[PDB]
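Text of entry_17.pdb, listed as PDB, C-alpha atoms and all ligand atoms:
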```
MODEL        1
ATOM      1  CA  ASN A 701    -109.409-107.900   4.793  1.00  0.00           C
ATOM      2  CA  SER A 702    -109.395-104.832   2.536  1.00  0.00           C
ATOM      3  CA  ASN A 703    -112.558-104.311   0.398  1.00  0.00           C
ATOM      4  CA  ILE A 704    -110.654-102.944  -2.580  1.00  0.00           C
ATOM      5  CA  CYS A 705    -108.044-104.586  -4.834  1.00  0.00           C
ATOM      6  CA  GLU A 706    -104.509-103.750  -3.753  1.00  0.00           C
ATOM      7  CA  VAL A 707    -103.355-103.126  -7.307  1.00  0.00           C
ATOM      8  CA  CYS A 708    -106.206-101.222  -8.991  1.00  0.00           C
ATOM      9  CA  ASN A 709    -108.017 -99.868  -5.902  1.00  0.00           C
ATOM     10  CA  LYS A 710    -111.443-100.995  -7.202  1.00  0.00           C
ATOM     11  CA  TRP A 711    -114.044-103.261  -5.588  1.00  0.00           C
ATOM     12  CA  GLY A 712    -115.351-106.287  -7.455  1.00  0.00           C
ATOM     13  CA  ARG A 713    -114.725-110.070  -7.240  1.00  0.00           C
ATOM     14  CA  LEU A 714    -111.858-110.037  -4.710  1.00  0.00           C
ATOM     15  CA  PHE A 715    -109.709-112.896  -3.339  1.00  0.00           C
ATOM     16  CA  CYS A 716    -108.442-112.280   0.157  1.00  0.00           C
ATOM     17  CA  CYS A 717    -104.995-113.022   1.473  1.00  0.00           C
ATOM     18  CA  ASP A 718    -105.007-115.439   4.446  1.00  0.00           C
ATOM     19  CA  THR A 719    -101.815-113.999   5.991  1.00  0.00           C
ATOM     20  CA  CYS A 720    -102.320-110.275   5.508  1.00  0.00           C
ATOM     21  CA  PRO A 721    -105.312-108.011   4.951  1.00  0.00           C
ATOM     22  CA  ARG A 722    -104.775-107.400   1.190  1.00  0.00           C
ATOM     23  CA  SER A 723    -107.251-108.374  -1.474  1.00  0.00           C
ATOM     24  CA  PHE A 724    -106.999-108.844  -5.233  1.00  0.00           C
ATOM     25  CA  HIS A 725    -108.873-109.242  -8.402  1.00  0.00           C
ATOM     26  CA  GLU A 726    -107.977-112.545 -10.002  1.00  0.00           C
ATOM     27  CA  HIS A 727    -105.863-111.116 -12.861  1.00  0.00           C
ATOM     28  CA  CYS A 728    -104.585-108.088 -10.915  1.00  0.00           C
ATOM     29  CA  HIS A 729    -102.543-110.416  -8.692  1.00  0.00           C
ATOM     30  CA  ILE A 730     -99.365-111.754 -10.334  1.00  0.00           C
ATOM     31  CA  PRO A 731     -99.332-114.655 -10.797  1.00  0.00           C
ATOM     32  CA  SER A 732    -103.213-114.845 -11.288  1.00  0.00           C
ATOM     33  CA  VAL A 733    -104.844-115.917  -8.039  1.00  0.00           C
ATOM     34  CA  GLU A 734    -104.464-119.687  -7.710  1.00  0.00           C
ATOM     35  CA  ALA A 735    -107.649-121.893  -8.190  1.00  0.00           C
ATOM     36  CA  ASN A 736    -107.623-123.757  -4.874  1.00  0.00           C
ATOM     37  CA  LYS A 737    -105.015-123.293  -2.034  1.00  0.00           C
ATOM     38  CA  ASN A 738    -106.618-122.810   1.402  1.00  0.00           C
ATOM     39  CA  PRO A 739    -104.952-121.016   3.036  1.00  0.00           C
ATOM     40  CA  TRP A 740    -103.679-118.637   0.313  1.00  0.00           C
ATOM     41  CA  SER A 741    -100.834-116.233   0.699  1.00  0.00           C
ATOM     42  CA  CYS A 742    -100.437-113.276  -1.715  1.00  0.00           C
ATOM     43  CA  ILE A 743     -97.233-112.238  -3.410  1.00  0.00           C
ATOM     44  CA  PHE A 744     -96.486-109.608  -0.755  1.00  0.00           C
ATOM     45  CA  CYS A 745     -96.571-112.336   1.921  1.00  0.00           C
ATOM     46  CA  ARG A 746     -94.499-114.711  -0.226  1.00  0.00           C
ATOM     47  CA  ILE A 747     -91.818-112.077  -0.766  1.00  0.00           C
ATOM     48  CA  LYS A 748     -91.755-111.256   2.956  1.00  0.00           C
ATOM     49  CA  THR A 749     -91.226-114.957   3.712  1.00  0.00           C
ATOM     50  CA  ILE A 750     -88.153-115.114   1.402  1.00  0.00           C
ATOM     51  CA  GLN A 751     -86.620-112.189   3.314  1.00  0.00           C
ATOM     52  CA  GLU A 752     -87.393-113.720   6.726  1.00  0.00           C
ATOM     53  CA  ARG A 753     -85.970-117.118   5.764  1.00  0.00           C
ATOM     54  CA  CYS A 754     -82.725-115.442   4.572  1.00  0.00           C
ATOM     55  CA  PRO A 755     -82.203-112.113   6.361  1.00  0.00           C
ATOM     56  CA  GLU A 756     -78.826-111.727   4.600  1.00  0.00           C
ATOM     57  CA  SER A 757     -80.750-111.463   1.307  1.00  0.00           C
ATOM     58  CA  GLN A 758     -81.340-107.800   2.246  1.00  0.00           C
ATOM     59  CA  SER A 759     -77.668-106.917   2.327  1.00  0.00           C
ATOM     60  CA  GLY A 760     -76.629-104.726  -0.610  1.00  0.00           C
ATOM     61  CA  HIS A 761     -76.084-106.178  -4.069  1.00  0.00           C
ATOM     62  CA  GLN A 762     -74.483-104.981  -7.284  1.00  0.00           C
ATOM     63  CA  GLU A 763     -77.014-104.584 -10.143  1.00  0.00           C
ATOM     64  CA  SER A 764     -74.684-106.371 -12.540  1.00  0.00           C
ATOM     65  CA  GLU A 765     -74.760-109.481 -10.312  1.00  0.00           C
ATOM     66  CA  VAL A 766     -78.578-109.344  -9.906  1.00  0.00           C
ATOM     67  CA  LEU A 767     -79.080-109.080 -13.671  1.00  0.00           C
ATOM     68  CA  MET A 768     -77.080-112.262 -14.385  1.00  0.00           C
ATOM     69  CA  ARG A 769     -79.097-114.375 -11.967  1.00  0.00           C
ATOM     70  CA  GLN A 770     -80.923-117.239 -13.523  1.00  0.00           C
ATOM     71  CA  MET A 771     -84.707-117.116 -13.210  1.00  0.00           C
ATOM     72  CA  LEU A 772     -85.033-119.800 -10.538  1.00  0.00           C
ATOM     73  CA  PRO A 773     -88.344-119.757  -8.548  1.00  0.00           C
ATOM     74  CA  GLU A 774     -87.312-116.996  -6.128  1.00  0.00           C
ATOM     75  CA  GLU A 775     -86.054-114.640  -8.887  1.00  0.00           C
ATOM     76  CA  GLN A 776     -89.181-115.472 -10.904  1.00  0.00           C
ATOM     77  CA  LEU A 777     -91.284-114.411  -7.913  1.00  0.00           C
ATOM     78  CA  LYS A 778     -89.301-111.213  -7.355  1.00  0.00           C
ATOM     79  CA  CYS A 779     -89.795-110.153 -11.007  1.00  0.00           C
ATOM     80  CA  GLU A 780     -93.537-110.951 -10.710  1.00  0.00           C
ATOM     81  CA  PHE A 781     -93.756-108.715  -7.664  1.00  0.00           C
ATOM     82  CA  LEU A 782     -91.744-105.932  -9.269  1.00  0.00           C
ATOM     83  CA  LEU A 783     -94.129-106.080 -12.282  1.00  0.00           C
ATOM     84  CA  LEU A 784     -97.047-105.943  -9.856  1.00  0.00           C
ATOM     85  CA  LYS A 785     -95.652-102.897  -8.134  1.00  0.00           C
ATOM     86  CA  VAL A 786     -95.620-101.057 -11.457  1.00  0.00           C
ATOM     87  CA  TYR A 787     -99.252-102.052 -12.175  1.00  0.00           C
ATOM     88  CA  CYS A 788    -100.064-100.653  -8.690  1.00  0.00           C
ATOM     89  CA  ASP A 789     -99.470 -97.123 -10.021  1.00  0.00           C
ATOM     90  CA  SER A 790    -102.456 -95.766 -11.951  1.00  0.00           C
ATOM     91  CA  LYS A 791    -100.117 -94.324 -14.567  1.00  0.00           C
ATOM     92  CA  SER A 792     -99.268 -97.857 -15.608  1.00  0.00           C
ATOM     93  CA  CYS A 793    -102.457 -97.714 -17.774  1.00  0.00           C
ATOM     94  CA  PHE A 794    -100.479 -95.877 -20.412  1.00  0.00           C
ATOM     95  CA  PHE A 795     -98.005 -98.749 -20.767  1.00  0.00           C
ATOM     96  CA  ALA A 796    -100.261-101.782 -20.190  1.00  0.00           C
ATOM     97  CA  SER A 797    -101.544-102.623 -23.619  1.00  0.00           C
ATOM     98  CA  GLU A 798     -99.976-102.708 -27.038  1.00  0.00           C
ATOM     99  CA  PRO A 799     -99.147 -99.227 -28.275  1.00  0.00           C
ATOM    100  CA  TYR A 800     -99.270 -97.728 -31.756  1.00  0.00           C
ATOM    101  CA  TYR A 801     -97.265 -94.925 -33.243  1.00  0.00           C
ATOM    102  CA  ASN A 802     -98.495 -92.268 -35.680  1.00  0.00           C
ATOM    103  CA  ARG A 803     -97.252 -88.836 -34.760  1.00  0.00           C
ATOM    104  CA  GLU A 804     -95.978 -86.170 -37.120  1.00  0.00           C
ATOM    105  CA  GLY A 805     -92.222 -85.948 -36.809  1.00  0.00           C
ATOM    106  CA  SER A 806     -91.712 -89.235 -34.967  1.00  0.00           C
ATOM    107  CA  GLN A 807     -91.086 -92.777 -35.992  1.00  0.00           C
ATOM    108  CA  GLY A 808     -92.219 -95.730 -33.863  1.00  0.00           C
ATOM    109  CA  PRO A 809     -89.680 -97.857 -31.949  1.00  0.00           C
ATOM    110  CA  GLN A 810     -87.999-100.831 -33.578  1.00  0.00           C
ATOM    111  CA  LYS A 811     -89.056-103.061 -30.694  1.00  0.00           C
ATOM    112  CA  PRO A 812     -92.333-102.102 -29.090  1.00  0.00           C
ATOM    113  CA  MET A 813     -92.930-103.337 -25.560  1.00  0.00           C
ATOM    114  CA  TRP A 814     -95.733-103.111 -23.029  1.00  0.00           C
ATOM    115  CA  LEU A 815     -96.579-104.398 -19.544  1.00  0.00           C
ATOM    116  CA  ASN A 816     -99.100-107.045 -20.659  1.00  0.00           C
ATOM    117  CA  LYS A 817     -96.452-108.501 -22.999  1.00  0.00           C
ATOM    118  CA  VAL A 818     -93.987-108.731 -20.086  1.00  0.00           C
ATOM    119  CA  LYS A 819     -96.714-110.285 -17.989  1.00  0.00           C
ATOM    120  CA  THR A 820     -97.314-112.973 -20.574  1.00  0.00           C
ATOM    121  CA  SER A 821     -93.578-113.504 -21.030  1.00  0.00           C
ATOM    122  CA  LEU A 822     -93.179-114.100 -17.291  1.00  0.00           C
ATOM    123  CA  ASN A 823     -96.182-116.411 -17.215  1.00  0.00           C
ATOM    124  CA  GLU A 824     -94.803-118.407 -20.127  1.00  0.00           C
ATOM    125  CA  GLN A 825     -91.299-118.645 -18.461  1.00  0.00           C
ATOM    126  CA  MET A 826     -89.653-116.920 -21.426  1.00  0.00           C
ATOM    127  CA  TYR A 827     -86.987-115.120 -19.409  1.00  0.00           C
ATOM    128  CA  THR A 828     -83.950-117.211 -18.392  1.00  0.00           C
ATOM    129  CA  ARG A 829     -82.241-114.468 -16.405  1.00  0.00           C
ATOM    130  CA  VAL A 830     -83.342-111.423 -14.491  1.00  0.00           C
ATOM    131  CA  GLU A 831     -81.640-109.300 -17.185  1.00  0.00           C
ATOM    132  CA  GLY A 832     -84.270-110.352 -19.761  1.00  0.00           C
ATOM    133  CA  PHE A 833     -87.106-109.060 -17.651  1.00  0.00           C
ATOM    134  CA  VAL A 834     -85.334-105.846 -16.623  1.00  0.00           C
ATOM    135  CA  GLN A 835     -84.358-105.062 -20.243  1.00  0.00           C
ATOM    136  CA  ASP A 836     -87.944-105.373 -21.497  1.00  0.00           C
ATOM    137  CA  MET A 837     -89.223-103.215 -18.564  1.00  0.00           C
ATOM    138  CA  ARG A 838     -86.665-100.444 -19.222  1.00  0.00           C
ATOM    139  CA  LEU A 839     -87.380-100.646 -22.953  1.00  0.00           C
ATOM    140  CA  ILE A 840     -91.023 -99.727 -22.290  1.00  0.00           C
ATOM    141  CA  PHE A 841     -90.013 -96.365 -20.898  1.00  0.00           C
ATOM    142  CA  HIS A 842     -87.087 -95.738 -23.227  1.00  0.00           C
ATOM    143  CA  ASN A 843     -89.374 -96.279 -26.303  1.00  0.00           C
ATOM    144  CA  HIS A 844     -91.815 -93.799 -24.813  1.00  0.00           C
ATOM    145  CA  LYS A 845     -89.164 -91.121 -24.154  1.00  0.00           C
ATOM    146  CA  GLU A 846     -87.770 -91.458 -27.633  1.00  0.00           C
ATOM    147  CA  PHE A 847     -91.178 -91.311 -29.389  1.00  0.00           C
ATOM    148  CA  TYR A 848     -92.714 -88.403 -27.510  1.00  0.00           C
ATOM    149  CA  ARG A 849     -89.582 -86.224 -27.836  1.00  0.00           C
ATOM    150  CA  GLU A 850     -90.345 -82.774 -26.370  1.00  0.00           C
ATOM    151  CA  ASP A 851     -94.057 -83.372 -25.782  1.00  0.00           C
ATOM    152  CA  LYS A 852     -94.705 -83.038 -22.095  1.00  0.00           C
ATOM    153  CA  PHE A 853     -96.276 -86.516 -22.281  1.00  0.00           C
ATOM    154  CA  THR A 854     -92.737 -87.889 -22.134  1.00  0.00           C
ATOM    155  CA  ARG A 855     -92.922 -87.225 -18.409  1.00  0.00           C
ATOM    156  CA  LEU A 856     -95.287 -90.167 -17.940  1.00  0.00           C
ATOM    157  CA  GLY A 857     -92.426 -92.500 -18.992  1.00  0.00           C
ATOM    158  CA  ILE A 858     -90.094 -90.820 -16.494  1.00  0.00           C
ATOM    159  CA  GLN A 859     -92.616 -91.149 -13.730  1.00  0.00           C
ATOM    160  CA  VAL A 860     -93.425 -94.791 -14.247  1.00  0.00           C
ATOM    161  CA  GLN A 861     -89.752 -95.677 -14.807  1.00  0.00           C
ATOM    162  CA  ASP A 862     -88.956 -94.089 -11.445  1.00  0.00           C
ATOM    163  CA  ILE A 863     -91.544 -96.378  -9.801  1.00  0.00           C
ATOM    164  CA  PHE A 864     -89.993 -99.352 -11.566  1.00  0.00           C
ATOM    165  CA  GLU A 865     -86.419 -98.408 -10.588  1.00  0.00           C
ATOM    166  CA  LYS A 866     -87.186 -97.689  -6.911  1.00  0.00           C
ATOM    167  CA  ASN A 867     -89.013-100.971  -6.583  1.00  0.00           C
ATOM    168  CA  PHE A 868     -86.201-102.791  -8.437  1.00  0.00           C
ATOM    169  CA  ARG A 869     -83.651-101.413  -5.951  1.00  0.00           C
ATOM    170  CA  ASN A 870     -85.907-102.404  -2.982  1.00  0.00           C
ATOM    171  CA  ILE A 871     -86.910-105.887  -4.076  1.00  0.00           C
ATOM    172  CA  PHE A 872     -83.514-107.001  -5.191  1.00  0.00           C
ATOM    173  CA  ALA A 873     -81.729-105.161  -2.339  1.00  0.00           C
ATOM    174  CA  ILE A 874     -79.405-103.148  -4.581  1.00  0.00           C
ATOM    175  CA  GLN A 875     -76.564-101.484  -2.581  1.00  0.00           C
ATOM    176  CA  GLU A 876     -77.491 -97.932  -1.714  1.00  0.00           C
ATOM    177  CA  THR A 877     -75.369 -95.231  -3.394  1.00  0.00           C
ATOM    178  CA  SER A 878     -75.173 -91.457  -3.928  1.00  0.00           C
TER     179      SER A 878
HETATM  180 ZN    ZN B   1    -107.695-105.058  -9.303  1.00  0.00          ZN
HETATM  181 ZN    ZN B   2    -100.693-111.274   1.931  1.00  0.00          ZN
HETATM  182 ZN    ZN B   3     -80.143-117.821   5.268  1.00  0.00          ZN
ENDMDL
END
```

For the structure just supplied, provide its representation as structure tokens.
Ligand SMILES: [Zn+2]
Ligand SMILES: [Zn+2]
Ligand SMILES: [Zn+2]
Amino acid sequence: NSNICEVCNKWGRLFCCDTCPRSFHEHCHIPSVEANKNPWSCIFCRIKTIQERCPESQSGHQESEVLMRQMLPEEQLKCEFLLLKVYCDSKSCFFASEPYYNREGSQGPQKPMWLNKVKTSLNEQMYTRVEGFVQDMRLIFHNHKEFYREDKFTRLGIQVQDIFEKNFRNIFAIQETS
């Protein structure tokens, strides 16, 4: 197994996947690494199993259809993984914890949002459809773009949103377009 966490790339107290060589800190994995379970399979392995059980699940989908799906266990897992993929980028640090807004010439967003809040919301089963999760994720980056205006720091929101969107299209097998 790897000797660094797959998400944050640091050593420490790591839990090892039994079906692939990845390792995780307890709260870097999403959901948090389960207390018992021997063997244990990580979220990458669990997602791969879904695809293998239903190969047709990789055929192209319309985003509008994906968004209306109810958060049954498999869609719950896919949103967990998609959230994890964003945390995997080091630039996610900027969006992880609760922000505050005091910048000359800007006003804070009406509805602040951050990754740890989405994490908690997923954990607490607060989203009933995939749309709920996706809206909060996109809101993170849209709030950032709006607040930081022409400051070059706005690019961080663009960059992390692109990681989100690419992973969204992969995980939920959105039909490829030009
Ligand atoms: Zn970690
Ligand atoms: Zn694994
Ligand atoms: Zn099938």

- Item | Within-6 Å residues of ligand ZN 2 (chain B), basis all atoms listed in the file, as number ranges by chain | A: 717, 719-720, 722, 741-742, 744-745

Only C-alpha atoms, please: the residues just picked out, written as an mmCIF file, in the coordinates of the input.
```cif
data_model
loop_
_atom_site.group_PDB
_atom_site.id
_atom_site.type_symbol
_atom_site.label_atom_id
_atom_site.label_comp_id
_atom_site.auth_asym_id
_atom_site.auth_seq_id
_atom_site.Cartn_x
_atom_site.Cartn_y
_atom_site.Cartn_z
ATOM 1 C CA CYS A 717 -104.995 -113.022 1.473
ATOM 2 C CA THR A 719 -101.815 -113.999 5.991
ATOM 3 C CA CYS A 720 -102.320 -110.275 5.508
ATOM 4 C CA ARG A 722 -104.775 -107.400 1.190
ATOM 5 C CA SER A 741 -100.834 -116.233 0.699
ATOM 6 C CA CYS A 742 -100.437 -113.276 -1.715
ATOM 7 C CA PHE A 744 -96.486 -109.608 -0.755
ATOM 8 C CA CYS A 745 -96.571 -112.336 1.921
#
```

- Task: Would you list the contacts of residue A:714 as a list in words, taking every protein, DNA or RNA residue within 8 Å and counting only C-alpha atoms, but skipping same-chain residues closer than 4 positions in sequence?
- Result: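 So the residues in contact are residues 703, 704, 705, 723, 724, 725 and 726 of chain A.
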
- Message: Applying the PyMOL selection byres (((not hetatm)) within 12 of (chain B and resi 1)) to the file I just gave you, which residues come out? Please list them as a VMD selection string.
- Response: chain A and resid 702 to 716 722 to 730 732 to 733 784 787 to 790

- Message: Please enumerate the residues selected by the PyMOL selection byres (((not hetatm)) within 12 of (chain B and resi 3)) when evaluated against the supplied file, formatted as a ChimeraX atom specification.
- Response: /A:749-759

- Task: Evaluate the PyMOL selection byres (((chain A and resi 831-837) around 8) and not hetatm) and record the selected residues as an NGL selection string, following the chain and residue labels used in the document.
- Result: :A and (766-769 or 779 or 813-815 or 818 or 822 or 827-830 or 838-841)

- Residues within 6 Å of (-77.1, -103.3, 0.8), counting only C-alpha atoms, listed as a PyMOL selection string: chain A and resi 759-761+873-876

- Query: If you measure from atom CA of residue A:842 to atom CA of residue A:872, what distance in Å do you get, rounded to one decimal?
  - Reply: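 Between atom CA of residue A:842 and atom CA of residue A:872 the gap works out to 21.6 Å.
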
- Among listed residues A:856, A:849, A:737, A:821, nearest residue A:805 (using all atoms listed in the file):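 Among the listed residues, the smallest separation from residue A:805 belongs to A:849.
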
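For residue A:781, the residues within 10 Å (counting only C-alpha atoms, excluding itself and residues fewer than 5 positions away along the chain) are residues 729, 730, 731, 743, 744, 746, 747, 775, 776, 786, 787, 867, 868 and 871 of chain A.
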
- Task: Could you please determine the separation between atom CA of residue A:738 and atom CA of residue A:701 in Å, to one decimal place?
- Result: 15.5 Å

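The space separating atom CA of residue A:819 from atom CA of residue A:735 comes to 18.7 Å.
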
- Message: Excluding residue A:843 and its own-chain neighbours fewer than 6 positions away, which residues fall within 9 Å of it when counting all atoms listed in the file? Please give them as a ChimeraX atom specification.
- Response: /A:808-813,857

- Message: Which residue is closest to residue A:866? Choose from A:740, A:785, A:765, A:778 and count all atoms listed in the file.
- Response: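 For residue A:866, the nearest of the candidates is A:785.
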
- Of the residues A:863, A:853, A:772, A:844, which is the one nearest to residue A:807, using only C-alpha atoms? A:844

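Using only C-alpha atoms for every distance, the candidate list A:847, A:826, A:739, A:762 yields A:847 as the residue closest to residue A:800.
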